[PDB]
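Chemist: The structure under discussion is supplied below as structure tokens; questions concerning it will follow.
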Amino acid sequence: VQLXXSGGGXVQXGXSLXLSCXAXXXXXXXXXXXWXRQXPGXXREXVXXXXXXXXXXXXXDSXXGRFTXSXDXXXXXXXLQXXXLXXXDXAXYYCXXXXXXXXXXXXXXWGXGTXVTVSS
Amino acid sequence: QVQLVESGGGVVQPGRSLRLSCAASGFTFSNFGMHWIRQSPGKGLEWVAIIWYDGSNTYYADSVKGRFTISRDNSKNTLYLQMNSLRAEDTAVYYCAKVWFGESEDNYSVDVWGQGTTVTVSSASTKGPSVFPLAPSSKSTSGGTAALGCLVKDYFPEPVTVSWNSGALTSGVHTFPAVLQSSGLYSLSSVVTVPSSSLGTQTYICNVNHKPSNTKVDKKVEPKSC
Amino acid sequence: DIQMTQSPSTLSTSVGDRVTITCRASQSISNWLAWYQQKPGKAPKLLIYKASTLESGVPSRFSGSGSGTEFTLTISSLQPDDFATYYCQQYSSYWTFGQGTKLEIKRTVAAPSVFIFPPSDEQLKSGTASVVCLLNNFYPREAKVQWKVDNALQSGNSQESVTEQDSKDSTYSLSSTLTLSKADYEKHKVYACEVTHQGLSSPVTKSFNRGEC
């Protein structure tokens, strides 16, 4: 199983980006997909999770109301819509598959990351 | 309004008998049919039996037929359930419920439930818990917060109460729901998070009370060196 | 015997959401279907009868629909009082309940704090060793605790307990107790609990050495 993130870049404060996480080698419809982020000098921190369609999406305090996760199961891809972006949101963003269909957070497979910089 | 008050629950050995009663008020008891319904964590909500307003017809769930008898005294406004040959799987909260007023050519169910009375079928004997400290250390310390507690193990029956420092410590206390062990005895933990800087100088004592056995146990929880 | 099934088992939801839960019968029950509400430690309460008629006093944000085998209950705009477990019941042929649908308080994700506690000397003197792993103040409810004794995964010798959602912040806490005999406990050195949760990027392990504490 391979994951690849895309959609990051340089954005102004108050701007919007949309990250994508495409999966190959395995159908991911049955798995929750999570987004994490890491900034220099800090630990990798949870951002949001899209569980299976119908099982809901859950969010970190720092992004509630501004970020929205969604799924395109037909294309084996998940998305993180990021609105009202702040300098504090600058980080590399990663997606991970929860291998546990009952959602205990067994993150075996990770993407390589996409860079997000909020400045100017 | 309508009130139903169950009584008669308790701990019973397998094969013995128990009689529940249900005192009714606020409505003309002799005009309504009545239900017994039970709830256990393993079988959910489960209808047990129905009796007619005049005591004529009675019906029972397959799982209690031949062992349970529903009856009523309309002059005393009381409903009864005699339970014989009790089994472990009969352990549940038993509720009486009033059949609602429906129109002649309709099916019916219940509108008002009592608060229930608990029936526990077990071979275990009344026993207070052993209380062991859950000692804080670097292994239960994260930053300025440390966790400590007490393990309240091998008691029967429910319930137990746990306080901390005679009630002076309530913030950050979690007392967990008991689990029934394979021995037939219950076990739980009560934990609290405290400032790490307080360990070794502030005294922390859990106070465990088990009324069925008249057990009272204070356990001082002291840190370990790891 | 008519079989009733409800979906979903748990729904994580928020004040103001429109909520619909479903109930299915294994055969036609016409519209002889009731809905009861129950909170922990409390008796059930009648909400809806004949599939769609509200009981007196039930607020207008509740409704029900269906006839035959498929039924729904809908709350148009959820309120805190509605966080509870909902049971359907057919009364077409005797009385059978669904398994219940619990409306759970949705909140933001919080990873657990993890603590481990070695057995006390008092219990060791009595011939048993209980080791406790605590996961404090986390959300959502799903987590995995794995016990490892000298890096060997344990199974069949531990039990878990989970609290109700905290009244203040709606988080969960979880206790896991590994129980061995004194001899089995003294036959090994390293005792660890490894914890996963969707809020954690990597598993969290807490461990001690027998004789270290």
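Where a number appears in this text, it was derived from the coordinates with a stated rule and is not lab data. Cβ atoms come from the backbone with ideal geometry, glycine included; neighbour counts cover every protein chain shown.
Residues are listed down the side, and each one gets a yes or a no for (1) within 13 Å of A:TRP110 (Cα to Cα); (2) aromatic (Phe, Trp, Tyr):
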position: A:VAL1; (1), (2): yes, no
position: A:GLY9; (1), (2): no, no
position: A:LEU19; (1), (2): no, no
position: A:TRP35; (1), (2): yes, yes
position: A:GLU45; (1), (2): no, no
position: A:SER62; (1), (2): no, no
position: A:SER70; (1), (2): no, no
position: A:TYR93; (1), (2): yes, yes
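Chemist: Next question. Please go through region C:118-150 and give me each residue that is of a type in the set (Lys, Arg) and not in a helix (DSSP H, G or I), ordered by number.
Modeler: C:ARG141, C:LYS144, C:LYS148
Chemist: Would you call C:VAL149 closer than 15 Å to C:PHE138 by Cα and aliphatic (A, V, I, L, M)?
Modeler: no
Chemist: Separate question: State which residue is farthest from the chain's Cα centre (by Cα) when the search covers only region C:78-98 and only residues that are surrounded by fewer than 16 Cβ atoms within 10 Å (Cβ to Cβ) and among the polar types (S, T, N, Q).
Modeler: This residue is C:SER93.
This table checks each residue for (1) assigned to a strand (DSSP E or B); (2) within 10 Å of chain B (Cβ to nearest Cβ).
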| position | (1), (2) |
| --- | --- |
| C:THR20 | yes, no |
| C:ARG24 | yes, no |
| C:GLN27 | no, no |
| C:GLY41 | no, yes |
| C:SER63 | yes, no |
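Chemist: Would you say B:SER187 is among the polar types (S, T, N, Q) and surrounded by fewer than 21 Cβ atoms within 10 Å (Cβ to Cβ)?
Modeler: So B:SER187 fails the test.
Chemist: Could you list all residues from region C:122-137 that are free of Cβ contacts under 8 Å to residues at least 40 places away in the same chain and either more than 8 Å from every other protein chain (Cβ to nearest Cβ) or touching a helix residue (DSSP H, G or I) at 6+ places or on another chain (Cβ under 7 Å) (or both)?
Modeler: If the condition is that a residue be free of Cβ contacts under 8 Å to residues at least 40 places away in the same chain and either more than 8 Å from every other protein chain (Cβ to nearest Cβ) or touching a helix residue (DSSP H, G or I) at 6+ places or on another chain (Cβ under 7 Å) (or both), then C:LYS125, C:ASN137 are the ones that fit.
Chemist: Restricting the search to region B:96-130, which residues are facing chain C (nearest Cβ under 8 Å) and hydroxyl-bearing (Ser, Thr, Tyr)?
Modeler: Within region B:96-130, B:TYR108, B:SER109, B:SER130 qualify.
Chemist: Kindly indicate whether any position in region C:69-77 is surrounded by 15 or more Cβ atoms within 10 Å (Cβ to Cβ) and touching a helix residue (DSSP H, G or I) at 6+ places or on another chain (Cβ under 7 Å).
Modeler: yes
Chemist: Next question, about the same structure. Please report, ordered by residue number, the strands (runs of 3 or more DSSP E) entirely within region B:128-226 with at least 3 residues that are under 25 Å from C:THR179 (Cβ atoms) and over 18 Å from the mean Cα position of the chain (by Cα). Steps first, answer last, please.
Modeler: On the way: elements: B:130-134, B:145-155, B:161-164, B:173-175, B:186-195, B:205-210, B:215-220.
Output list reads B:130-134, B:145-155, B:186-195, B:205-210, B:215-220.
Chemist: Identify, please: which residue in region B:131-143 is crowded, with 19+ Cβ neighbours inside 10 Å and more than 7 Å from chain C (Cβ to nearest Cβ) and is, among those, farthest from B:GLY10 (Cα to Cα)? Give the derivation first.
Modeler: Going through region B:131-143, the residues crowded, with 19+ Cβ neighbours inside 10 Å turn out to be B:131-137, B:139-140.
Those still in the list that are more than 7 Å from chain C (Cβ to nearest Cβ) too: B:131, B:136.
Details: B:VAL131: 25, B:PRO136: 38 Å.
The selected residue is B:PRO136.
Chemist: Something else now. Could you check region A:7-93 for strands (runs of 3 or more DSSP E) lying wholly inside it with 3 or more residues that are out of contact with any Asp or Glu (no Cβ under 8 Å at 6 or more places or on another chain), buried (at least 20 other Cβ atoms within 10 Å of the Cβ) and more than 12 Å from chain C (Cβ to nearest Cβ)?
Modeler: So the answer is A:17-24.
Chemist: Further question on the same structure: Identify all residues within region C:99-116 that are at the interface with chain B (Cβ under 7 Å from one of its Cβ atoms), surrounded by 18 or more Cβ atoms within 10 Å (Cβ to Cβ) and either of a type outside the set (A, V, I, L, M, F, W, C) or under 29 Å from C:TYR36 (Cα atoms) (or both); write none if there are none.
Modeler: Residues satisfying the conditions are C:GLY100, C:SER113.
Chemist: Sticking with this structure for a sec: Which one is surrounded by the fewest Cβ atoms within 10 Å (Cβ to Cβ) among residues in region B:1-58 that are among the hydroxyl-bearing types (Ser, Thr, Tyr) and not in a loop (DSSP other than H, G, I, E, B)?
Modeler: To start, the set of residues in region B:1-58 that are among the hydroxyl-bearing types (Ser, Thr, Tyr) comprises B:7, B:17, B:21, B:25, B:28, B:30, B:40, B:53, B:56, B:58.
With the extra rule that they be not in a loop (DSSP other than H, G, I, E, B), the set shrinks to B:7, B:21, B:25, B:30, B:40, B:58.
Values: B:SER7: 13, B:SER21: 17, B:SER25: 11, B:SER30: 14, B:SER40: 15, B:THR58: 15.
Filtering region B:1-58 for residues that are among the hydroxyl-bearing types (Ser, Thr, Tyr) and not in a loop (DSSP other than H, G, I, E, B), the one surrounded by the fewest Cβ atoms within 10 Å (Cβ to Cβ) comes out as B:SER25.
Chemist: Considering each of C:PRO140, C:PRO119 in turn, give the residue that is over 30 Å from B:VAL48 (Cβ atoms) and within 14 Å of chain A (Cβ to nearest Cβ).
Modeler: C:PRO140
Chemist: Could you tell me whether C:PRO112 is under 20 Å from B:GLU222 (Cα atoms) and either in contact with a strand residue (DSSP E or B) (Cβ under 7 Å, 6 or more places away or on another chain) or of a type outside the set (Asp, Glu) (or both)?
Modeler: So C:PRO112 fails the test.
Chemist: Starting from residues that are more than 10 Å from chain B (Cβ to nearest Cβ) and of a type in the set (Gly, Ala, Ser), keep the ones in region C:43-56 and report whichever is surrounded by the most Cβ atoms within 10 Å (Cβ to Cβ).
Modeler: Taking region C:43-56 and keeping what is more than 10 Å from chain B (Cβ to nearest Cβ), we get C:47-48, C:51-54.
If we keep only those that are of a type in the set (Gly, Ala, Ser) too, we end up with C:51-52.
Working: C:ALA51: 23, C:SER52: 17.
Taking the candidates together, the pick is C:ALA51.
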